[PDB]
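Let me begin by presenting the structure, written as structure tokens, before commenting on it.
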Amino acid sequence: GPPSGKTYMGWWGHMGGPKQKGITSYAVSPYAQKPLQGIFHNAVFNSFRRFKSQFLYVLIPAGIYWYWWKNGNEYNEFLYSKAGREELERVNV
Amino acid sequence: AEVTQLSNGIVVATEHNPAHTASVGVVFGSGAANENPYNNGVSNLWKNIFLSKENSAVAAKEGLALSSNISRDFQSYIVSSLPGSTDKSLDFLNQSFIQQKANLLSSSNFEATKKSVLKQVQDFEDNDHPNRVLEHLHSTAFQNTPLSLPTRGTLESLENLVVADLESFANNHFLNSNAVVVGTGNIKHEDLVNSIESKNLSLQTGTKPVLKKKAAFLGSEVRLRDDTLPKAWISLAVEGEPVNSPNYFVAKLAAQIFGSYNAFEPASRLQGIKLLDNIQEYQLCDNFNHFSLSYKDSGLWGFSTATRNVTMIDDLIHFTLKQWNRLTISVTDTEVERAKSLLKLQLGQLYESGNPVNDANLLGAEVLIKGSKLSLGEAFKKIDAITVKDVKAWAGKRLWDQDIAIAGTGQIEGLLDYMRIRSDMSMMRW
């Protein structure tokens, strides 16, 4: 096979990153670990805090939008009822 | 054969075989495994004062040679001499372990000794990668347990150590009950036992050393990745068998099956090892060696290796582990036979060496645990007994689908995750 263009990701042994030195990682076999606890006592009061920060970024836009819809939605309802058959005939055509 | 052992006030053991010189030395049943994270490297620190220039000249004039050894399970201080000067030795051993237990530790010598091992250990961690990786293999395989302490001791706990620590250790460990004086070379048994019983006394008799907590294995890994290194050294093992174990030899024979290999030495590539077919097609590594490290509490069975083929490490491990799988399901008869012949061979060259300082370290360590040395002839009897069936049972307990310890340094980006390697410990079945 022929060569190919230079990508920004190789493969095991030459992944294309910076030379690493001084970093030492340690890990233990999943077999020597407690039969999957974590949640409740350690990672139960840690969760949801990961949507306490973000919450305002979603909520406000969702707020602004739900209000806008609900609001103009009520105006439709009014316009197409006796109470607004006059307002309607005005703002229609 | 020989090997004789007698008590007194202390316990003595000798093995004489008329050769050249003869060495006598005190071997203590405590070592690296009896240290703490913060006092670690104290024994390696004693080893260097005993071998200090100050003490070395005192024995050199007298015509003696000093040899010290620091291990996990034990410690040893040995003095070599001519066959006749067998008394010149004991008068030095005793002078340094009784009279000079106030000298030597004198500043100007301790500071000189300490600055020298602090460099000695700094050289080791910067250069001797294979042994460093192995040291870390113990470090993680037995982490937070006695066996996890590196013999040379850490570089930090070392520079915090002062004379007091040396003394405290000596007073707590160098004791009558936790010691064995040995004599190998050509010196007779009755010559030593009496020369020792000449000057009576005890020196801290009736005193026992502080005990601890039994060493244990843990499936884990430590990856000291260094991309600036030209190779990738890696060691990998499982929980082995401790000395004085039913399978002490069965386990040692299994390692001999896969043995050792040097890709550059023509004869090595011709060996009768099935694995060598898989590893030579794309030259997966420069070398590798299988071992069966045994100790008092536990052990490590696995292999070490160095490789320049950094992009195919995953296959080195793959093939190597697929072979280990064979010991549980398909190890052939001739594979076992070949192992015996080669086990006996390398086992013999170990015991039958032309250097008593080796023989001493072998006699001491054994009698310091089982209280007697197993005759080489007795070993061969056990080795030849071992059947294919034996190897499989051992592999079924020790090797098949068991946790593992991994350690590596250099370009190890290609060494896949723990779980990937761990998986290869077995094979699919119906």
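FYI, nothing fancy with the structure tokens labels: chains A, B, ... in order, residues from 1 per chain, ligands from 1 as they appear.
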
inquiry  = Please extract the residues of range 39-217 of chain B with a backbone DSSP assignment of alpha helix (DSSP H) and present them as a ChimeraX atom specification.
reply    = /B:43-50,53-61,86-96,110-127,129-141,155-160,163-173,189-198

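Every residue of chain A that lies within 9 Å of chain B is listed here, counting only C-alpha atoms: residues 11, 12, 13, 14, 15, 18, 19, 20, 21, 22, 23, 24, 25, 26, 27, 28, 29, 30, 31 and 32 of chain A.
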
query = Taking only C-alpha atoms into account, which of B:287, B:171, B:184, B:200 comes nearest residue 101 in chain B?
reply =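 Of B:287, B:171, B:184, B:200, the one nearest residue 101 in chain B is B:171, counting only C-alpha atoms.
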
task = Could you check how far CA of residue 393 in chain B sits from CA of residue 381 in chain B, in Å to one decimal?
result = 19.8 Å

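Straight-line separation from CA of residue 24 in chain B to CA of residue 79 in chain B: 5.5 Å.
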
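Ranking B:41, B:119, B:339, B:152 by their shortest atom-to-atom distance to residue 135 in chain B, with only C-alpha atoms included, puts B:152 first.
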
inquiry  = Using DSSP secondary structure from the backbone, list all strand (DSSP E or B) positions within range 7-93 of chain A, as a list in words.
reply    =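 Taking range 7-93 of chain A and keeping strand (DSSP E or B) only, one gets residues 24, 25, 26, 27 and 28 of chain A.
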
key: Residue neighbourhood residue 215 in chain B, 7 Å, only C-alpha atoms, exclusion window fewer than 4 positions, as a list in words   = residues 142, 145, 146, 147, 297 and 298 of chain B

message = Given only C-alpha atoms as the basis, pick out the residue of B:121, B:362, B:70, B:300 nearest to residue 216 in chain B.
response =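 Using only C-alpha atoms, the shortest distance to residue 216 in chain B belongs to B:300.
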
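With CA of residue 42 in chain B on one side and CA of residue 157 in chain B on the other, the separation reads 8.7 Å.
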
task = Show which residues sit within 8 Å of range 376-379 of chain B, as a list in words. Count only C-alpha atoms, and ignore same-chain residues fewer than 6 positions away.
result =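 My reading of the contact set: residues 1, 348 and 351 of chain B.
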